[PDB]
Amino acid sequence: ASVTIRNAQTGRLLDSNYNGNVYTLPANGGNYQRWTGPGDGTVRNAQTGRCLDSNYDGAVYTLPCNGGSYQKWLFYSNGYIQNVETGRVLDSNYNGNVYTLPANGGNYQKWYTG
Ligand SMILES: OC[C@H]1O[C@H](O[C@H]2[C@@H](O)[C@H](O)[C@@H](CO)O[C@@H]2O)[C@@H](O)[C@@H](O)[C@@H]1O
Ligand SMILES: OC[C@H]1O[C@H](O[C@H]2[C@@H](O)[C@H](O)[C@@H](CO)O[C@@H]2O)[C@@H](O)[C@@H](O)[C@@H]1O
Ligand SMILES: OC[C@H]1O[C@H](O[C@H]2[C@@H](O)[C@H](O)[C@@H](CO)O[C@@H]2O)[C@@H](O)[C@@H](O)[C@@H]1O
């Protein structure tokens, strides 16, 4: 069981690499664009096994999963993906940058997961 996480505004897929960088890219069929969620709050890259992660400065990255709540995420019915620790929401732009920001209701902060 793995899902893609697609930005509602740009259509680009959340994606990450073994270096820990998180970004969005047009869908390319690769496993780096699939994510698993064991049900402990984590969103884990299907290819690298690293956990989606972010800090209070709004940086998003992956790290090996370490049990901290920076690596826990809440999926809302409106498509927000909120960081448990910071309460900021996963966000991205047309150029492929991924970050978190306080929720502003706009579509860049909305994601389709499936
Ligand atoms: O050939 C490597 C890799 O390329 C494509 O994936 C891109 C991106 O989605 C991945 O996050 C990064 C990981 O470093 O690589 C590319 O930039 C896909 O074709 C993928 O299947 C392939 O393994
Ligand atoms: O001790 C700080 C922090 O360490 C670990 O969290 C790491 C990472 O997952 C976090 O995203 C960033 C946020 O700045 O900090 C570390 O690099 C965890 O042990 C965490 O619970 C702890 O607060
Ligand atoms: O007015 C532009 C844009 O501003 C607000 O969104 C911000 C951020 O959430 C987006 O990721 C980036 C993407 O370029 O833009 C802003 O920093 C929202 O109000 C959004 O509805 C609006 O288009």
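Our subject in this report is the structure included herewith. (Residues numbered from 1 in each chain as written, not as in the entry; some residues may be left out. Chains lettered and ligands numbered in written order. Heavy atoms only, no water.)

### Some details on the nonpolar core
In this structure, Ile5, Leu14, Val22, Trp35, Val43, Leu52, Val60, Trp73, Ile81, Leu90, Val98 and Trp111 together form the largest nonpolar core, which totals 12 residues. Those residues within four positions of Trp73 in sequence are excluded, and the remaining contacts are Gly41, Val43, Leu52, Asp53, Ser54, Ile81, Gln82, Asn83, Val84, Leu90 and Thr100. (Core = buried A, V, L, I, M, F, W, Y, C linked by side-chain atoms within 4.5 Å. Buried < 20%, exposed > 50% of the residue type's maximum accessible area, 1.4 Å probe, protein only. Contact = heavy atoms within 4.5 Å.)

### Here we look at the environment of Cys65
Among the structural elements, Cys65 can be located in the loop between β7 (60–63) and β8 (73–75). Given a relative accessible area of 30%, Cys65 falls into the partly exposed group. In this structure the C-alpha to C-alpha distance between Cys65 and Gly29, which are 36 residues apart in sequence, comes to 24 Å. Setting aside anything within four residues of it in sequence, one finds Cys65 in contact with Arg44, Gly49, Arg50, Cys51 and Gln71. (Helix = DSSP H or I, 4+ residues; strand = E, 2+ residues; numbered from the N terminus.)

### What about the site of ligand 1?
For ligand 1, the full set of nearby residues is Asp15, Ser16, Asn17, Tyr23, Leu25, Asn28, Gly30, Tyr32 and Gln33. Between an oxygen atom of ligand 1 and a side-chain N or O atom of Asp15, the distance comes to 2.5 Å. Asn28 is positioned with one of its side-chain polar atoms (N or O) 2.8 Å from an oxygen atom of ligand 1. Protein contact buries 49% of the 480 Å² of open area that ligand 1 shows by itself. Those elements giving two or more residues to the shell around ligand 1 turn out to be β2 (13–16) and β3 (22–25). Across the shell around ligand 1, the residue classes tally to three nonpolar, five polar and one charged. (Near = heavy atom within 4 Å. Polar contact = N/O pair within 3.5 Å; in protein donor to acceptor, adjacent residues only side chain to side chain. Areas by Shrake-Rupley, 256 points an atom, 1.4 Å probe, with all protein chains shown as cover. Nonpolar A, V, L, I, M, F, W, Y, C, P; charged D, E, K, R; others polar.)

### A word on the state of the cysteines
What we call a disulfide is simply a covalent bond connecting the sulfur atoms of a pair of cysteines. Counted under the stated rule, the structure contains one disulfide. For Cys51, the disulfide goes to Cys65, at an S-S distance of 2.1 Å. The disulfide joining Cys51 to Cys65 has a torsion of about 100° about its S-S bond and is therefore right-handed. Taken as a pair, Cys51 in strand β6 (residues 51–54) and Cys65 in the loop between β7 and β8 lie far apart in primary sequence, 14 residues in all. For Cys51, a relative accessible area of 0% corresponds to the buried category. (Disulfide = S-S within 2.5 Å.)

### A word on the site of ligand 3
In the vicinity of ligand 3, the residues found are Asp91, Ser92, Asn93, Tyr99, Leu101, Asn104, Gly106, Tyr108 and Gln109. Interatomic distance of 2.5 Å between a side-chain N/O atom of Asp91 and an oxygen atom of ligand 3. The backbone of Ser92 places a nitrogen or oxygen atom 3.4 Å from an oxygen atom of ligand 3. For ligand 3, whose unbound accessible area comes to 480 Å², protein coverage reaches 49%. Counting only elements with at least two residues in the shell around ligand 3, the list comes to β10 (89–92) and β11 (98–101).

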